[PDB]
Each structure stands twice: as C-alpha cells, then as structure tokens.
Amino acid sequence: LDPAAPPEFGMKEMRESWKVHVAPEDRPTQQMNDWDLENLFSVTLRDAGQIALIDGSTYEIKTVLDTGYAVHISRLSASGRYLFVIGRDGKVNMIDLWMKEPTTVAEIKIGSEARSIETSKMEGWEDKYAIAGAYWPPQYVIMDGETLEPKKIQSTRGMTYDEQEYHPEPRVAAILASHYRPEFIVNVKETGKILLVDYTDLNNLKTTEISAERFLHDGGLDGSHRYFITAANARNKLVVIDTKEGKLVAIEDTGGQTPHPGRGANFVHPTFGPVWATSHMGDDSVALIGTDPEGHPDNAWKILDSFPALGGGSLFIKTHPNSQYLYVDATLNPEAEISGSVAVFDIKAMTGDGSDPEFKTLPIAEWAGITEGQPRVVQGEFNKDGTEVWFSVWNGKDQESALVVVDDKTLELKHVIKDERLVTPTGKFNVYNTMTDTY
C-alpha cells in the first residue's frame, strides 16, 4: 500500500506545546543554591523519563527531575547556568541551575522523533540561543536561550551532496556550536550536508551548506576548537570542517567499520602531536587522525594509526587534558564479559611505531556488583578537574543498574553509585566539560 506521510510539526504545534513555567524576570539574578554547579553531572534515567543531577565530588543525587521520555543528551548553556535536555519524543526541558531548587523553567516539543540539542558558544553570545534537531519531521529549530520561544524552524529536506537527488527524509544528527563564529554546526545525515548556521540574524539567515559525506552522525571539535571532525558512519569516513573558514578540509577512511566517536577524544600523541580519536561499532579498532596543520603539517588530517581495543560494539572513547589515559567501551558487544568492561590505553606509552598498544581491561560491571542480566557499560565522562571518570552500568528498568566512578590516576575503583531512583542510567554530562566542550 501507499505510505501515508506522518504529520508535520511546525510553529503552531511548537507554540502550543511551549510552556514557560518561570519567566526570566522571576528567576534569580545569581546562584541561590549552594551546589557546585560546574562539577555537577546530569545523568539520563532513560526509561523513567527523568534525569538525576549528581554532585561530582560527593556523588550525592542532588535532585531527580521529570523530563521527556528517554532523554538522549544533556547540554549546557555557555555560562553553565541553563541545562537543556531532549527526549527521543522531541520534548525539550530547560532547567535553571541557579534556582534554590532547580527545575524546568520552560519546555517545548520540537518534533516527533529527536536526538540532538545544543547551545550558542561563540564569545559574546552566551545564553542567547539553543537549537534542537529532529529525525522527524526533518528539521532543526533555533529557540530563545532564555525562554525556549521557537524563533526559526528550518527544514532539512533537500538534495544529496553527491548524486544530487532529492531526499524527503534527511534526519538531523549531531549539532555542535562554533567557537570561531556565531554559528551552529548541524549534521544532516541522509544528504551528507553539514550546515553552518549564523544566528546573528534569524530574519536574513546566512548559512553555509557544506557538501561532505552521507550518513553523518556524531562528532566533535579538535583541541583548538577550530575543526569539526565527524563520522559519516555507514561509509567508514571522518569528515573534517574548518569552522573559521567555513569549508570542507578533508574526508578520510578510518580503516575500521562504522566509526562512532561520540564527541571523540582529543589528546597530544607523544610522536604524532595533537590528534583526535574514535572507536567503532562495527569492529574493535581505534583510529587516530592528526589535527594540527600549523604545527604538524605532515600528519594533519591523516589517519596516523589504527589499533584494537576490547572488541566490536564500541560507542564512546574518552580522555581529558589532565589524564594520560584513553578509555574505550564496548557497549553493544554480544559477549557480556566484554560489554561489561572498558579498555584503557596509556597515551604516554604510545610510540606510533605501528605495533598495537597494550591496554588494561577494567571490569566495570563486575566492580558495580550486579547479579541479574548482562548490564552494558557505556560512555565515560570526566569530572571538572579531569581526575575521575564515570561510566554507566546500564541494566533493565526492572533490574539493578549503577554508575561506576574510576580514579583516573590509578585506574582503580573510586565509587559505585546505586539508588532505587537510578533507573536505566545512560548518558552522563559534567556541566563544566559540556559547557566548554572539553574532550
């Protein structure tokens, strides 16, 4: 039978869902609670349709807030004051961390299926805007950073970059924010276009539509925050965009199957210099790409090394400037023992001689002490000081889950977080590292 196109979701629909619980004039003018906001972690309690705000040093759950169902990610405004979360269903909640009791100050629905949201990060534009992307309808929406008022909706339906054929369903994938220009960086999956959207004028809207590679998914900025490196996953490529000049710089095959970097991991390789790393969903490989055209021209935008980690099914790779370690999970691996563990490479020991660097295997799920099921360990996230790294031990909604905190210096267990309210923990986002894009 002929398929019936699902309903659209425009301004009228968004505005009807738009609710401002606490108007800006009624919010505080300074932090009114005594929490260490920058060291706070926003944790997704997936199936419960909630998030937990957890103290990064005491591990105390400061509060559990109701949100949209299965929040995909948490993102922070550039000032670190406002917390934005978006559920699979397209529901966005804006939380004021300055309130005596932080809660949702405004909410809005931006589509039927959505996975991304981000805040304005250009100097001078702090707290000005938020942007959300949807799978359905194929669109992104720029909202007021203070009230969530929907200001500009842009359809992503359009032509594929290569064969230049119309595609009626180009889903918006990752959305990042430029630190070089007042622009949002939007990945459009099926058409293989990366959009640089200038938010200085939403009426006379300037955008740069960059032809990249199809199946764009996730990615991150390099250490200098100038270049966006993203995975065109189904095609095993990493695309590099210069956000300063607003143009494609390179497209390179990682040599692995289905790279899935998350925002990736930037570090200074002892021999190669500045690099960005990604693991893969399709195999056990970890690939490094040079990210320094000025200082290391010969290595810039070239895959410098590829080596195995725990196994396939990896989703997130992580490191921090203060750490000498590179953490790699294997969340989707069919083998319980593997999906419940993390590989850790010693960056200092890397020579880049072509051999496979050794890694230590952390039995994260074992450390959490969970009997039932075969819980999957996922996504490392560092605290503000970059001295501890957290991992979610993801089990079923009616099963026991946990968060495992690892001491980065020793690679030993630091703390196991368990609470009856900790249902299906997945994404974890430290306020400071998220607001500053430190990865």
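Sequential numbering from 1, following the sequence displayed.
- For the pair 368 to 376 and 404 to 412, the mean B factor over Cα atoms is greater in 368 to 376.
- Here 69 to 77 and 349 to 357 are compared by their mean Cα B-factor, and 349 to 357 comes out higher.
- Note on 146, 198, 222, 96: the highest value goes to 146, judged by CA B factor as recorded.
- Of all the options 141, 286, 86, 310, the entry's greatest CA B-factor is assigned to 310.
- Residue 425 sits in the middle third of its chain by CA B factor, as recorded in the PDB entry.
- Ranked by C-alpha B-factor against the other modelled residues of its chain, residue 234 falls in the highest third.
- In the PDB entry, residue 150 places in the middle third of its chain by CA B-factor.
- In this PDB entry, residue 321 carries a Cα temperature factor that places it within the lowest third of its chain's modelled residues.
- Residue 244 sits in the middle third of its chain by CA B factor, as recorded in the PDB entry.
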